[PDB]
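**Q** here we go, the starting part of the complex in its complex frame:
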Amino acid sequence: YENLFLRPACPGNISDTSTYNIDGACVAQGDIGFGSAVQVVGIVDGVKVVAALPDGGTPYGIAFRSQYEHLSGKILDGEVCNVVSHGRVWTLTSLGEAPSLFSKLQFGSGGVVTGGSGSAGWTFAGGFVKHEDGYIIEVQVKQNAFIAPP
Amino acid sequence: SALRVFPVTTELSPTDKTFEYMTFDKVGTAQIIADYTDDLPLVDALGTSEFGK
């Protein structure tokens, strides 16, 4: 009774076949890069409008890699977008060394992981590899973890 | 009434995601000549395209 692994290890894709959720009814304002956190700025007709994470926002999900929706290499303004709201996913990071297992991550500007000492939110899942003179980490996203401030 | 007021085409396959169409243009002129002529005015053409989703 076990969960299979998923081999390609590129940023912006899913790392396991555990319970995951993909919110595919969204549109982008500005440009978004695969493997970055996004935030919900508004809702029109059951569609969520997302943008790259600013300072002071609450992350909602992580952009997901697809080879039909995004032929350019990144997500462009006015495009339908895939966002992962629950599951394990490879994220871009600016950190230098792996944090403690099952710690709480903190997101800098642009939707990159820079902290490992948060109070509550998403947690580190134990994966830490290297990409392009930069690193990739593995994050575990949960649905109601970050709550929008009143 | 949209599909009954405006015409409907089917010149796209379901796997298509972009389309384009082209338009053309031309230039030229003419003059009055004699029997022994060596210079005559010329003509050309152009082109342009647009896109969709």
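**A** On my side now, so go ahead. Numbering: from 1, shown residues only, chains lettered A, B, ... in the order given.

**Q** and the helix or strand harbouring residue A:22, which residues are buried?
**A** Assessed by DSSP states H and E, residue A:22 sits inside strand A:21-23. Applying a neighbour-count criterion of 16 or more other C-beta atoms under 10 Å in any protein chain shown, one finds residue A:23 buried in strand A:21-23. Bear in mind the C-beta positions are built from the backbone N, C-alpha and C, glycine included.

**Q** who does that strand pair up with?
**A** Paired strands of strand A:21-23, with direction, are strand A:83-93 (antiparallel) (DSSP bridges).

**Q** list the contacts of the next helix or strand after the strand it pairs with.
**A** Counting by DSSP H and E, the element after strand A:83-93 in chain order, helix or strand, is strand A:106-107. Residues from elsewhere that reach strand A:106-107, judged by C-beta atoms under 8 Å, 6 or more residues apart in numbering or on different chains: A:37, A:53, A:59, A:113-118, A:121.

**Q** what comes up buried for the helix or strand just after strand A:106-107?
**A** Next helix or strand after strand A:106-107 toward the C-terminus (DSSP H and E): strand A:113-115. Buried residues in strand A:113-115, counted by 16+ other C-beta under 10 Å: residue A:113.

**Q** can you map out the strands along the chain?
**A** Answering for chain A, as no chain was given. A:21-23, A:26-28, A:37-44, A:47-52, A:61-63, A:83-93, A:106-107, A:113-115, A:123-130, A:135-141 (DSSP state E).

**Q** was after chain B, sorry
**A** B:20-27, B:44-51.

**Q** quick one on the thing from earlier: how far is the strand holding residue A:22 from where the chain is centred?
**A** Put simply, strand A:21-23 sits 11 Å off its chain's centre (C-alpha atoms, centre = their mean, to the nearest Å).

**Q** same deal with stretch A:24-43?
**A** Distance, centroid of stretch A:24-43 to centroid of chain: 10 Å (C-alpha atoms, centre = their mean).

**Q** swap in stretch A:64-71?
**A** 15 Å.

**Q** cool, stretch A:4-20 as well?
**A** 13 Å.

**Q** ditto for stretch A:65-85
**A** Worked out by C-alpha atoms, centre = their mean, stretch A:65-85 lies 13 Å from the chain centre.

**Q** buried ones in it?
**A** For stretch A:65-85, using 16+ other C-beta under 10 Å, the buried residues are A:65-66, A:70, A:75, A:79, A:81-85.

**Q** swap in stretch A:84-102?
**A** A:84-93, A:95, A:98-99.

**Q** let's bring in chain C now:
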Amino acid sequence: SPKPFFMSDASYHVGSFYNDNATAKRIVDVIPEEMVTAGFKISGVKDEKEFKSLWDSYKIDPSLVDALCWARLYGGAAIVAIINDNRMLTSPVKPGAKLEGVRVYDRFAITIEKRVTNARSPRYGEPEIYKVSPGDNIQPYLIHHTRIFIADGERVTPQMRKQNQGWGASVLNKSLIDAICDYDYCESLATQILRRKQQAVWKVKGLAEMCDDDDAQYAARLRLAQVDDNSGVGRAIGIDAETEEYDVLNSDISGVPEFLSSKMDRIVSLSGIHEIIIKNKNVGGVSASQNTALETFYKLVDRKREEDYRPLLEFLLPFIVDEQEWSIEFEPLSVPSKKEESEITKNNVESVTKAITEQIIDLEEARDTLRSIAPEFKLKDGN
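**A** If we add chain C to the chains shown above, we get the following:
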């Protein structure tokens, strides 16, 4: 793995393998098409001209072809026949001989609804009612046992037969899949080996002093490419003995065609259909052995035909023939020809009446005998 929802996940791995690779295409479509196109003959009927007329009027052979093909591929297929009858399609069928339409479905569209375990009838233990779910925005429906017939592939042990819901397995087994996959890897390796036959090395003292992605380095590499393009047999390249050297090294190639031939031999040996029908290359070293290879192929395809083609015959023909007792015989699967048919017909016409003129073997049945063996001699029926 994440997949698009409109592409529902049901054996599309093997489906894409089939519709993409060509060797799989051949190995799965070689047998059923030739099997059906071989033809057959029927005995006990008053005449066969009207039989052929009604047969090619119904013209169902493409449906039979892809039915057999999908049964061989998925390990199971369903053929559904509708009859001209004034009853609901759920009820059984009264005696009669009518056809109006027949259609095909793959393995994934059929399920079992009602099961029988009644003691007296030996029919217990096989399903009674089949629940078909075509999809395509039409409600799934139910069929009696007699109306439709289920075509299966190759035999498996009861242990997995019972867990596969009484359905066989795909003809592409794991060993076949891996052996097929290995050939492309070997070909790519061969191409790389051919490319890497010869290498040239250029050594320049102090060359590493240069900054990367810089004007001097760009100039140097452009010069290297330029001088590399213009060298050859009739051209020479000058260097400086003190500082730079230009060496060249090379490796040989041998045995690669034999290696790939051996891999193809493994493929054909595990497949079971032989070289002059899979690789499509005549042996060339002998004049009269390829024909014997052909008759071996015909023997094996006949052995396979005896197990699968007949059930369609006994399932469909009783719905189209009005007389009571008949025979289904198969044409001896061999390509005939001018010469051999001309002299064989000469032999038959002399054998049929060279010595019968002495006994009770008389004309009204001698003619029937002579035109029973299908001749080129057309004859009008009569005395």
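
**Q** what do you get for the buried residues of strand A:21-23 once chain C is counted?
**A** Applying 16+ other C-beta under 10 Å to strand A:21-23 flags A:22-23 as buried.

**Q** outside of stretch C:203-210, which residues touch it?
**A** C:216-217, C:220, C:243-247.

**Q** restricting to C-alpha, output that stretch in PDB.
**A** Taking Å, rounded to 0.1, in the frame of the first residue of the first chain, the C-alpha atoms of stretch C:203-210 are listed here in PDB:
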ATOM      1  CA  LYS C 203      46.800  22.600 -27.900                       C
ATOM      2  CA  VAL C 204      48.000  26.200 -27.300                       C
ATOM      3  CA  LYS C 205      50.100  27.200 -24.400                       C
ATOM      4  CA  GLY C 206      48.500  29.900 -22.300                       C
ATOM      5  CA  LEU C 207      45.200  29.500 -24.100                       C
ATOM      6  CA  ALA C 208      43.400  29.300 -20.700                       C
ATOM      7  CA  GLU C 209      44.400  32.900 -19.800                       C
ATOM      8  CA  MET C 210      41.500  34.200 -21.900                       C
END
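
**Q** any idea how far the residue lying closest to residue A:115 once chain neighbours are set aside is from residue A:39?
**A** Among residues not flanking residue A:115 along the chain, residue A:106 sits closest, at 2.5 Å (C-beta to C-beta, 6 or more residues apart in numbering or on different chains). From residue A:106 across to residue A:39, the span is 15 Å (C-beta to C-beta, to the nearest Å).

**Q** have a look at the two and say which one is more surrounded.
**A** Neighbour count, other C-beta atoms under 10 Å in any protein chain shown: between residue A:106 and residue A:39, residue A:39 has more, with 20 against 15.

**Q** sorry, back to before: now list the buried members of the contacts of stretch C:203-210.
**A** In these, nothing passes as buried (16+ other C-beta under 10 Å).

**Q** for those, which one is nearest chain A?
**A** residue C:217 (20.1 Å; C-beta to the nearest C-beta).

**Q** hang on, that closest one in a helix?
**A** Yes: assignment of residue C:217 by DSSP: H, G, I helix; E, B strand; the rest coil places it within a helix.

**Q** now the nearest residue to it once chain neighbours are set aside, what are its backbone angles?
**A** Using C-beta to C-beta, 6+ apart and skipping residues adjacent in sequence, the residue nearest residue C:217 is residue C:210, 4.9 Å away. Residue C:210 adopts backbone torsions of phi -80, psi 140, taken as degrees, to the nearest 10.

**Q** look at residue C:343 and say how many residues are nearby.
**A** 10.

**Q** equivalent analysis for residue C:152, please.
**A** Residue C:152 has 19 nearby residues by other C-beta under 10 Å.

**Q** chain D should join the structure above:
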Amino acid sequence: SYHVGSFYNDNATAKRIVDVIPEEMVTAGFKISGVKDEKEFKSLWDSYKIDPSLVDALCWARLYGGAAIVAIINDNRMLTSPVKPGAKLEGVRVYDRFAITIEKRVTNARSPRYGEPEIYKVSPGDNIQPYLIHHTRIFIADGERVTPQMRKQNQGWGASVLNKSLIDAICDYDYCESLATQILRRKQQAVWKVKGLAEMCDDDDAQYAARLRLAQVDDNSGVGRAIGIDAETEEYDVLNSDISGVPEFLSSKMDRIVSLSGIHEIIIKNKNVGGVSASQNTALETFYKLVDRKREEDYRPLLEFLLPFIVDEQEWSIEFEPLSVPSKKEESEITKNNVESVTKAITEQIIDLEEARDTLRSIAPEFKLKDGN
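**A** Chain D added:
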């Protein structure tokens, strides 16, 4: 090594080895002598349509070493009781070795049937209670002979055709294939030497950039391309090895497989020899003689077990078709020869037409003939 079923289902060579024999054995056919006519016999046979069950019955007997068939007759008695004389049948079913056992053993002195079981207990499963059958309804199909000290140890049952020698001889073949593929992959090697390269920190941007640049430059190398290096600090070397004898080695391994299995190349490797025109006919005829040999021992018991349950004719014999592929032109000469032989000289001797017709139509011709005088 492991469960034979998994091997049978996974490896295709096992499929071939266990299946090619019984299918051809049963599809060969037969004729019967002593019966009034045969068209109604064929009608009954193909109305009963039992040959798929016969096929996998013999196949499972060959594989597992034992199989059982249950035949149910139109008799107005409860099933454990024996069967009165008669010629009826309505169904037959095939069970593997695992679902059969013995219940009562008879060693009575007067009966020569002493020492073999009377009633069989069958437990097919499928949420139906196991039941008991009298031996008259049961025929037990065995595999191949074994020593009696093992026969009685296996409850009077045979053994698998996949012995351990066959199993591991088949097994090492794919290992040899993988070794051959590795030999092919390791033909040529490139080596790059860079003094000082040891001083890089592990898993840092410098090392990743260096290895990426190495991969990029190795991508564009070739016969028409040249690569420059530094004289003092780095060197580029190439190593190569020869490959030879691997095809012959693999062919020898396949030859061992053939010899130990017992079925030859034209049917197992499915490769014509090519160097001869008319020796494959002899190869095949050896194949048919061996398959006829194995047929005579095991297929016939099914014949005398089943046929008397359908035929009311008192005394008859079963003759086996001469297992050779027939052909139009050759059978044309055969028919001409037979029709001349039957009456070139019987004109003067008392053999009359009333029996000459039977003689000519007994040897199955393509010349039909209505019954008469």
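
**Q** since we added chain D, can you redo the contacts of stretch C:203-210?
**A** Residues contacting stretch C:203-210 (C-beta under 8 Å, 6+ apart): C:216-217, C:220, C:243-247, D:228-234.

**Q** which one of the residues you listed sits closest to residue A:21?
**A** residue C:217 (49.7 Å; C-beta to C-beta).

**Q** next structured bit after the strand or helix carrying residue C:179?
**A** With secondary structure defined by DSSP H and E, residue C:179 is part of helix C:174-195. Heading C-terminal from helix C:174-195, the first helix or strand you meet, by DSSP H and E, is strand C:198-204.

**Q** residue nearest the middle of chain A, spatially speaking?
**A** Ranked by distance to the mean C-alpha position of chain A (C-alpha atoms, centre = their mean), the top residue is residue A:62 at 2.2 Å.

**Q** and chain C, is the strand holding residue A:22 touching that?
**A** Yes: judged by C-beta under 8 Å from any C-beta of the partner chain, strand A:21-23 comes into contact with chain C through residue A:22.

**Q** for chain A, what is the nearest residue in the stretch 201-350 of chain C?
**A** Counting by C-beta to the nearest C-beta, the stretch 201-350 of chain C gets nearest to chain A through residue C:212 (14.0 Å).

**Q** just give the closest residue to the closest residue to chain D within the stretch 101-250 of chain C, not the sequence neighbours.
**A** Closest residue of the stretch 101-250 of chain C to chain D, C-beta to the nearest C-beta: residue C:122 (3.1 Å). Among residues not flanking residue C:122 along the chain, residue D:91 sits closest, at 3.1 Å (C-beta to C-beta, 6+ apart).

**Q** and for that neighbour, the neighbour number?
**A** Counted with other C-beta under 10 Å, residue D:91 comes out at 16.

**Q** okay, and the beta partners of it?
**A** Assigned bridge partners for residue D:91, using DSSP bridges, are residue D:72.

**Q** now the one 10 residues further on
**A** In this structure, residue D:101 has the following beta-bridge partners (DSSP bridges): residue D:121.

**Q** neighbouring contacts of stretch C:187-198?
**A** C:248-253, C:256, C:260, D:184-185, D:187-188, D:221-223.

**Q** residue B:15 and residue C:373, how far apart?
**A** Relative to residue C:373, and taking C-beta to C-beta, residue B:15 is found at 56 Å.

**Q** ok, which residues in chain A are in contact with chain D?
**A** Residues of chain A lying near chain D (C-beta under 8 Å from any C-beta): A:130, A:132-134.

**Q** any chance of JSON lines for these, columns neighbour count and distance to residue A:22?
**A** Formatted as JSON lines, those follow (neighbours: other C-beta atoms under 10 Å in any protein chain shown; distance: C-beta to C-beta, whole Å):
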{"residue": "A:130", "neighbour count": "13", "distance to residue A:22": "27"}
{"residue": "A:132", "neighbour count": "12", "distance to residue A:22": "26"}
{"residue": "A:133", "neighbour count": "12", "distance to residue A:22": "30"}
{"residue": "A:134", "neighbour count": "14", "distance to residue A:22": "25"}
